[PDB]
Structures are given as C-alpha cells and as structure tokens.
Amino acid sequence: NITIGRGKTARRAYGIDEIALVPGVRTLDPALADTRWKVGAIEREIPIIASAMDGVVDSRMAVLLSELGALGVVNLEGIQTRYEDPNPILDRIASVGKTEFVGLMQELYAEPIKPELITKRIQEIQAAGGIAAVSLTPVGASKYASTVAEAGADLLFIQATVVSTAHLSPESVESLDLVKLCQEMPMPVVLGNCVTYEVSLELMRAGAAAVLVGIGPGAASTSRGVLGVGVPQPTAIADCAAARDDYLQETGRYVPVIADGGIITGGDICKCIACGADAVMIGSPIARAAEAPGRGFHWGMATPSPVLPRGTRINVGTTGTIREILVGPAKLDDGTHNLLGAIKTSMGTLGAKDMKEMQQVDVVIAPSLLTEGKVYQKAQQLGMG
C-alpha cells in the first residue's frame, strides 16, 4: 500500500526497536509464567538457542546450555570441525587488530573440514549429557548430512542466509533437496533462514521441524550493507508465524518459528515472542559468557568468506557466567543478564501465562520507547545507553 514512486510499491516493515508491549487486564507472578517450547520431541524450559557461531558455541557451551534448559548449536563448517584443538585458533582470532581479522579468518577457515571431527563433536556433547544440535549450510548438508545421521545428532539445523526448496545451481554444485533431507534424516531438521510467509510455508511443507527467521539483524552481521536484503524482525516474525498457523490448520503439525539474531536484552526477546516467535536464537548475549569460546569477541560466520565477507568481528566483552546470563541472579542493570527472569517478569507484567499468550499481547508502534526520558543514560553510557 505504499508508493515509492510511479510503478513501484512497498509495504512498511517494523524493526525490534520500533515496537513495545502493552499490558492486558490481569498480571501474574513471574514464577507462574510458562516459558517452554518444543522442537521434535525435545521440550525446553528456556526458549533460547545459542547461535551456530564460533565465538558462541563449542562443545562445552553446548552441554552447559543443555543442562540449563536451553540449547546450543555447533557450526559444522566452522573451526570446531577444521581443527582438533580450536583453542589456539580462537585465541588468534580474538588477539589480532580490527584491520587484520578479515584476512586472518579468510586464511584460518580455509583449513579443510575433518568429517571425523563432525562425529567427535556430536558424540562428546552427547556423552557429556547434552543435546547435540549441529548446523550445516545446504551445500555442507549435501556432503555431510549422512555423517551427522550416522553420528546420531539430536537436531540438525540447515542454515544459511537463505535456504530454498527452489534453488538454481550450476550442475557442478549439488543443490540440496530439502524434502528428501527431512524425510531421510533420523532426527528433526530445522530450516532457515527466511523472512516471508511464502518461504516459511514452503519450508514447513518440506518437513521442517522449526523455521529460523531473520536476514541480517545480527550484531556481527554485515549482509544488509553488502546486499541490501532483509526484512526487520517484528514484521518477518509475524509473517512467518502466520505461515505456521496456516500450516497447522492445513496439516495438524505445529512448526515453531524461531526469531534469529539482533537480540541484546530481555526486552528484545520479549518483543520477538510478542510478534509470534516460539523461541529465539541469540549469539552476542551468550558470547558475553565467561565460558564463551570467543574470548570476549563475537564474529559472523560469513566474515571468513574468501570473496565477499558478510560478517564482522565485534568486542562484546565478558559480563558473567552463562548461568548468570540465562537464569541470574543479574549483576547488571541493562537486561542482558537473567534473560529467563526477564522473559518471565515481562510475561507476568502483561498477564501472559504461557508463550502462546505472550504471542497474543497487544503491541504499539513506539519508536520513542528506547529514547523517552533516556538522555542521561545515553550521555553517561549507563543502563539502556
């Protein structure tokens, strides 16, 4: 309904920083707020998945997250499957200057994937009592999905900027048949990323166990600057949640919508749930953990592209343990600790008893939410500033 100019129309899309949540007609104690989600047969108390990023998730973090009631995804195309000991490599990435990290990563990530390390990472996480969740790009799945199946991973994430049931490739590159993959894999398969109703619906029809929503909102993402592609998160989430609801009516199958990236605070999580997300996928808030493999740094997994980097490396620092970050007690005033407590406290304030009710809360378009009254916080770099 918007005219850009003669013969070119558009629709308005809203970002995470443009919306706010409105109380209902009841309130509830946060201890009564049910935050569960489920993917396949796996129920989780914390509706947070740590991103498949080398500054965020290694084997230890995947286990720690699982034990807290959350999940972490190991990237099978990152350093974890290229080096038997990733630690010196992670140290090098964290130690070089702002003008050196692109070139360094272009080199370090050229070391080949060792399929024996795909098996090892999965089996060590499972041996330790963790849920083993692993990612591959569509081309990576053409080569290694059978290795993941043989290893017996609990969840497979096929994730890239876009993942399509209608991908055109030169005949030398094996395009991935997502319908065949979902049917043949012995575990649930999460597909993404997408930002539209039409694509999310197609991914669900192909057999996805969950869909990942988001193109470019990430803190370490440069895709929107490199390509111009993206839909801001509230709008993308709502459109994909509508596809979930239509797919549920058509088949009786519930495919959760995961809002992926661009989340820093508990308020950001809540705003994503209120737009329809069943769960969120976050990286930068978890890269701030004492146990995070990034050593206080966080980088995009397309930063090492040898031809066109589409991520950067940022310094997020280290603010607490992963336990403090997910379940507190919070040590900070900015909503970046005790993320589960923040979700339950927000649901309580809004009267939302469970995640489905949270997705039904009233929303306002409120670009002044993060700026009204905040001049001192911005000037002094405190609180929200």
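Numbers follow the displayed sequence, beginning with 1.
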| message | Quick check on the record: does 226 to 234 or 176 to 184 carry the larger mean Cα temperature factor? | response | 176 to 184
| Taking the recorded C-alpha temperature factors, which stretch has the higher mean, 336 to 344 or 29 to 37? | 29 to 37
| Taking the Cα B-factors listed in the entry, which of 263, 191, 166, 273 comes out highest? | 166
| task | Pick out which of 104, 279, 287, 301 has the highest C-alpha B-factor in the PDB entry. | result | 104
| request: Using the B-factor values recorded in the entry, state whether the Cα atom of residue 216 falls in the lowest, middle or highest third among the modelled residues of its chain. | output: lowest
| message | Taking only the Cα B-factors deposited for this chain, tell me whether residue 361 sits in the lowest, middle or highest third. | response | middle
| Third of the chain, ranked by Cα B-factor, where residue 296 sits | middle
| request: Relative to the other modelled residues of the same chain, rank the CA B-factor of residue 84 and answer lowest, middle or highest third. | output: highest
| said: Split into thirds by Cα B-factor across the chain's modelled residues, where does residue 253 land: lowest, middle or highest? | reply: highest
